[PDB]
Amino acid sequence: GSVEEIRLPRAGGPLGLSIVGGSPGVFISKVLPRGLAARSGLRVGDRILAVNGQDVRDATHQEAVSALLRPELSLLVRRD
């Protein structure tokens, strides 16, 4: 497995993704072809490990949702 650091420039618009899982793990389920997530390297199946340094490895689904949206955003993901 591989780990990558993704960077999405916060623009007050749709980040361009959808996530599933939590309490095991938050995985990206959809990536808009025209969205920010697709333009910045995100892919379906990636596990979100950290949101701007906050560890979301074992975060609840809503814990991850707040981290993602609560106010450039850095996502560290695991990818196989």
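So that the term is clear: the rigid core is the largest set of C-alpha atoms that superpose within 1.5 Å between two forms. A residue's number is simply how far along the shown sequence it sits, counting from 1.
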Between 14-22 and 57-65, the one whose CA atoms sit farther away in 8 other deposited structures of this protein (rigid core aligned): 14-22
Would you class the number of unmodelled deposited residues between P71 and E72 as none, 1 to 3, 4 to 9, or 10 or more? 1 to 3
Classify the number of deposited-sequence residues missing from the model between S23 and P24: none, 1 to 3, 4 to 9, or 10 or more. 10 or more
Greater mean Cα temperature factor according to the PDB record, 56-64 or 8-16: 8-16
Segment of higher mean CA temperature factor, 41-49 or 28-36: 28-36
